[PDB]
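[1] Sequence below, structure please.
(9 chains, ligands or ions: 14)
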Amino acid sequence: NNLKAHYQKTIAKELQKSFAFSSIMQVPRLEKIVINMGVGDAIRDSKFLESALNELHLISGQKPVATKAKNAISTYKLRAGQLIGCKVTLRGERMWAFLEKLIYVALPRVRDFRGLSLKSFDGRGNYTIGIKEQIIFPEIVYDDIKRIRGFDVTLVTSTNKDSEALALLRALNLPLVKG
Amino acid sequence: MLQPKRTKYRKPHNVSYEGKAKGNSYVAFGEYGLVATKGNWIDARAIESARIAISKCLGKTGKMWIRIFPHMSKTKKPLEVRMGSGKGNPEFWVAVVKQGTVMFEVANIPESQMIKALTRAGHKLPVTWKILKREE
Amino acid sequence: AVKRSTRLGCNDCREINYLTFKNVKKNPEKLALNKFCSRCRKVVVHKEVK
Amino acid sequence: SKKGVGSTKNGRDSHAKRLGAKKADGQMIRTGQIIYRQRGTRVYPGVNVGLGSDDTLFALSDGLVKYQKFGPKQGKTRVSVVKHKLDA
Amino acid sequence: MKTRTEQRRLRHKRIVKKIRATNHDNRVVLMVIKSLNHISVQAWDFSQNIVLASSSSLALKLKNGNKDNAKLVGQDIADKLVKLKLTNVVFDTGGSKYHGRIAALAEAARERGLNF
Amino acid sequence: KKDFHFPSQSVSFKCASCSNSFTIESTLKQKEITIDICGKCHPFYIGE
RNA sequence: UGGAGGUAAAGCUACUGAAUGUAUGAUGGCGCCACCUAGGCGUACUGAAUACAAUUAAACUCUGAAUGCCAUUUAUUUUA
RNA sequence: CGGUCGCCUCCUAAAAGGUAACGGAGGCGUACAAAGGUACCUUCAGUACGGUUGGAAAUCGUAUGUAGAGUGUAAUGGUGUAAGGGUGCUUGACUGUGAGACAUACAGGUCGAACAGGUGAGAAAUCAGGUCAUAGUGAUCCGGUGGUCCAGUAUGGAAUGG
RNA sequence: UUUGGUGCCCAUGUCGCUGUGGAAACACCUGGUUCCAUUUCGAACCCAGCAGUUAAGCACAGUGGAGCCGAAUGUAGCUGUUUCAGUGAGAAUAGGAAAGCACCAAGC
Ligand SMILES: [Mg+2]
Ligand SMILES: [Mg+2]
Ligand SMILES: [Mg+2]
Ligand SMILES: [Mg+2]
Ligand SMILES: [Mg+2]
Ligand SMILES: [Mg+2]
Ligand SMILES: [Mg+2]
Ligand SMILES: [Mg+2]
Ligand SMILES: [Mg+2]
Ligand SMILES: [Mg+2]
Ligand SMILES: [Mg+2]
Ligand SMILES: [Mg+2]
Ligand SMILES: [Zn+2]
Ligand SMILES: [Zn+2]
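    Residues are numbered from 1 along each chain as shown, chains lettered A, B, ... in the order given. Ligands and ions are numbered 1, 2, ... in the order given. Coordinates below:
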């Protein structure tokens, strides 16, 4: 991506000057965006899950691996050995493609993108974005599951301090309230 | 009546009271204490009698601690029953008091009432009691 | 006692040379293993025999 | 009057397996002789000592048996058969 | 969860434990360790806990990290072992999958008179 | 990994008001699909 | 002289249960309000968790003997 | 009269092994074509934080945590790079045996180096004669089934046996 | 002697905090077109190269905070004979402790 080279030059220079980092790679670097479209109807309406996967596929270009629970609960009808939920972890070029596509196409199409920040870092530098609806994502046809759901896009960074993660977010211009 | 809320085993082997003093040997919460001079099995009934005696002869501001606790149970076969057919059912709970264990301690009221209070507590117990004070 | 045992016989000399176990309720398909045969003195397919 | 008596419910016990050490330290031993019978590896195997289908330690060569304490806080036991090593 | 070097050490510990448990004929143990730049090789003896023979890219003075130089390293280590009169060896990797450079080194050693 | 039926192809996206033809890899139609609200067409990102 | 062990004892911040007091205190009971649902201020009191000090156990052990047992070395004795 | 009668695990059992009572607690008369064999890869439960449906607790990411997780099961012992989880290929859940030992009144039981034949995994070293280990089992007689280089009551068969 | 690799060991070897370092090497790192790979991700494994790098890891110095180890005296249990001679724990404590033993390759 041309903006990926732009990320390289711009993040390097600005971040380097902002904290007098003694090495260019001391600046934070983003690693992997996990996407987790999981649903419990596969205990009963297994068919739904299959369709879920395909839509997830259509958004990222990586086929989703379906995850299995590590316990069993009667109230949730859960039992061990079943697949309830798919997770995808994008890296390299494809991850930056998805990130840019999200911030520029998917996110500003959000019904009321008022944003949420400062109250999302986990204290170790991560960040989770809870999407409410899937239809807003451009890579989805109108025909879909009878139930509509959201997303749990999360982020990681090389640094462990949430403030430096916020600094990278501001350098990337991720559009949230005051952050 | 002090009684354990639950026990893993209903019928355990009895615990000997012969020997020296394992723990609860020195007054460490109050400063006067009722020491034993003869190991014996004393049940929760004697504790309640002794504790009620101390409380009645206590004042409005005295404070007390009960060290020993009836952890171990004991059984008793029903009357007119010939030997055999298993162990009897648990009947009463007893605390194991060895020679040298401090059973009751008192503080926060003048010495004479405390000496008298320990005397009435020890007359309710089978063991031969003795008064001790706390090291400075 | 329950009878979960089964017999495995060769498919060349039709001799029964092995005694094994099988769950008819769980595993529905007949065993088709390959074991040593004393007669043929080689490895050969052994199938379940009534 | 007998008054009758209740019934006991637990009077069952199993045969005692004669486990434990068989060959003591310093005793000469030939191959294939049992050195330690156990349920679960209470004594680890070392050099010239094998294992069975019952976690039984048996020798693999002639020599003198020898126990050595090892492992965290010296809580693990290990047995070995130090070969005759006569070597003229 | 870790870094590459720690995982290789863990796998190497697995291989060393297995070899010391089953190597009954007391063969010399040829541990090869591959790095990002170079790959070195040393023939230890777990009975004496010493090194009998050694070979390395530093010793052979090559810009290594290629499958080509792995053949040269294998030839050198096999020549040293033959001079040492040891031919029954066990070959283990430093904890890396047997492939590429590792496979080339092993085949070069095998083709130069080694028995493994 | 590769050998997929869903090819990640660099598709361009146009927008109203500001053209801003962003080229992004996706498994869609190979033409200039126009988006009605992009990043630059949002009161939050630019515009108080 | 070497070794195997987990008893006596002791310990329970080294586990599993039982269990005392003090201090901070989840929790409920109890109120008084507002609010019909999200709750709030004190609780005659119950008591999670943590810290300090003290306890109990055949089927508890972070520990832990002596005796006894096995084998070997030396000296002596008996042909069992 | 009631209860029990075989096998396995713990305590009583007094730190080798063994040790009884109508002493104290429990289980078994199996399960698995994978939960076996091999090669490779991999490592808890819980808790804290952050996140649509989703809630105290489904799934995700990071960190912490030295076993409270798993090891089909009743307990005991063992085992956290293991004996736990996943994948690929397979059927050694082989044939004929078996020096030497454990424990035993006998009958029976348990471990097993090593040899020959032909295989499976693996580059090879090596491993595989069922499973992390201990319960899951019943003598002799009688008759039935399959194979067979033995017998066939004068001889050839057959019957009937071995 | 120092760096790198490895075996033996299995905290007086740990966890953490503060600083310093790279010549060669160790490492991150640069890319997935080749061999090879993801229950999906060149993250990992595997390739072919050293542009950048001392944040890491790694290696040195300090740090007694957590964890670990723990003397002597005394005591409880034991063996005998005594109602005293040995044997001697556990707990607690002063305190130690920022690993140690060998082999190999390079400048030394
Ligand atoms: Mg037994
Ligand atoms: Mg005791
Ligand atoms: Mg306790
Ligand atoms: Mg009867
Ligand atoms: Mg004994
Ligand atoms: Mg015993
Ligand atoms: Mg169990
Ligand atoms: Mg398998
Ligand atoms: Mg298994
Ligand atoms: Mg008959
Ligand atoms: Mg005839
Ligand atoms: Mg540094
Ligand atoms: Zn045949
Ligand atoms: Zn626009």
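
[2] use CA for all of it now, contacts and neighbours both
    Noted.

[3] how much space is there between the residue nearest the centre of chain D and residue D:55?
    For chain D, residue D:36 is the residue whose C-alpha lies nearest the centre (Cα atoms, centre = their mean; 2.2 Å). According to Cα to Cα, to the nearest Å, residue D:36 and residue D:55 sit 9 Å apart.

[4] anything in stretch A:49-61 near RNA strand H?
    No. Using Cα under 7 Å from any atom of the strand, stretch A:49-61 stays clear of RNA strand H, coming no nearer than 10.2 Å.

[5] can you give me how far the helix ranked longest in chain A is from the chain middle?
    Secondary structure of chain A per DSSP state H: the longest helix is helix A:2-19. Relative to the centre of its chain, helix A:2-19 is centred 22 Å away, using Cα atoms, centre = their mean, to the nearest Å.

[6] Tell me how many other residues crowd residue 28.
    Since no chain was named, I'll use chain A. 20 (other Cα atoms under 10 Å in any protein chain shown).

[7] You answered for a different chain; I wanted chain D.
    Residues near residue D:28, counting by other Cα under 10 Å, number 15.

[8] correct me, but it touches residue D:66?
    No. Look at residue D:28 against residue D:66 with Cα atoms under 8 Å: they stay out of range, at 10.1 Å.

[9] Okay, and the residue sitting nearest the centre point of chain A sits in which element?
    Nearest residue to the geometric centre of chain A (Cα atoms, centre = their mean): residue A:153, 2.4 Å. Using DSSP states H and E, residue A:153 sits in strand A:151-155.

[10] Does RNA strand H have contacts with that strand?
    Yes. Using Cα under 7 Å from any atom of the strand, we find that strand A:151-155 touches RNA strand H at A:151-155.

[11] So in chain A, which strand runs the longest?
    Determined from DSSP state E, the single longest strand within chain A is strand A:83-90.

[12] Tell me the helices and strands packed up against it.
    Judged by 3 or more Cα pairs under 8 Å, 6 or more residues apart in numbering or on different chains; DSSP states H and E, the packing partners of strand A:83-90 are strand A:33-37, helix A:46-60, strand A:65-68.

[13] Looking at these, which is nearest to ligand 14?
    Among those, helix A:46-60 comes nearest to ligand 14, with 21.3 Å by Cα to the ion.

[14] buried set for that closest one?
    Using 16 or more other Cα atoms under 10 Å in any protein chain shown as the test for burial, helix A:46-60 gives A:48-49, A:52-53, A:55-60.

[15] Kindly report the same for stretch E:49-65.
    E:52-57, E:64-65.

[16] Can I get the longest helix that chain E contains as PDB, trimmed to CA atoms?
    Taking DSSP H as the criterion, chain E has its longest helix at helix E:4-22. The C-alpha atoms that make up helix E:4-22 are tabulated as PDB, following Å, rounded to 0.1, in the frame of the first residue of the first chain:
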ATOM      1  CA  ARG E   4      12.400 -18.400  18.500                       C
ATOM      2  CA  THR E   5      15.600 -19.200  20.400                       C
ATOM      3  CA  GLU E   6      13.700 -20.300  23.600                       C
ATOM      4  CA  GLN E   7      11.400 -22.600  21.600                       C
ATOM      5  CA  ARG E   8      14.400 -24.200  19.900                       C
ATOM      6  CA  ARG E   9      16.000 -24.900  23.300                       C
ATOM      7  CA  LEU E  10      12.800 -26.500  24.500                       C
ATOM      8  CA  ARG E  11      12.600 -28.800  21.500                       C
ATOM      9  CA  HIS E  12      16.300 -29.500  21.800                       C
ATOM     10  CA  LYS E  13      15.800 -30.600  25.400                       C
ATOM     11  CA  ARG E  14      13.200 -33.000  24.300                       C
ATOM     12  CA  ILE E  15      15.500 -34.600  21.700                       C
ATOM     13  CA  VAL E  16      18.400 -34.800  24.100                       C
ATOM     14  CA  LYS E  17      16.300 -36.500  26.800                       C
ATOM     15  CA  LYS E  18      15.100 -39.100  24.300                       C
ATOM     16  CA  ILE E  19      18.600 -39.800  23.000                       C
ATOM     17  CA  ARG E  20      20.100 -40.200  26.400                       C
ATOM     18  CA  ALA E  21      17.300 -42.600  27.300                       C
ATOM     19  CA  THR E  22      17.500 -44.900  24.300                       C
END
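
[17] Pull the residues that contact it.
    With Cα atoms under 8 Å, 6 or more residues apart in numbering or on different chains as the test, helix E:4-22 has contacts from D:47, E:46, E:92-96.

[18] Same question for stretch A:113-127.
    A:107, A:128, A:154-157, A:159-165, A:175-179, F:44.

[19] Tell me the secondary structure at the residue most central in space within chain E.
    Centroid-nearest residue in chain E, with Cα atoms, centre = their mean: residue E:32, separated by 2.6 Å. Under DSSP: H, G, I helix; E, B strand; the rest coil, residue E:32 falls in the strand class.

[20] residues in contact with it?
    Residue E:32 sits next to E:39-42, E:92-94 when contact means Cα under 8 Å, 6+ apart.

[21] among those, who's most crowded?
    residue E:94 (25 neighbours).

[22] Next up, the contacts around that one.
    E:8-9, E:11-12, E:31-34.

[23] again, only using 6 Å
    E:12, E:32-33 (Cα atoms under 6 Å, 6 or more residues apart in numbering or on different chains).

[24] Number of residues surrounding residue 12?
    Just so you know, I chose chain A. 19.

[25] Chain E is the one I meant
    19.

[26] Helices - which of the buried residues of stretch E:49-65 land there?
    Per DSSP H, the buried residues of stretch E:49-65 map to helices at residue E:57.

[27] possible to save the buried residues of stretch E:49-65 as a markdown table with distance to ligand 14?
    Formatted as a markdown table, the buried residues of stretch E:49-65 follow (distance: Cα to the ion, whole Å):
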| residue | distance to ligand 14 |
| --- | --- |
| E:52 | 72 |
| E:53 | 70 |
| E:54 | 67 |
| E:55 | 64 |
| E:56 | 61 |
| E:57 | 59 |
| E:64 | 53 |
| E:65 | 50 |
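
[28] any bit of stretch E:54-68 sitting next to RNA strand I?
    Yes. Stretch E:54-68 lies within reach of RNA strand I by Cα under 7 Å from any atom of the strand, at E:54-56, E:58-59, E:63, E:65-68.

[29] Test my guess that residue C:16 contacts residue C:9.
    Yes. Assessed by Cα atoms under 6 Å, residue C:16 is found in contact with residue C:9 at 3.8 Å.
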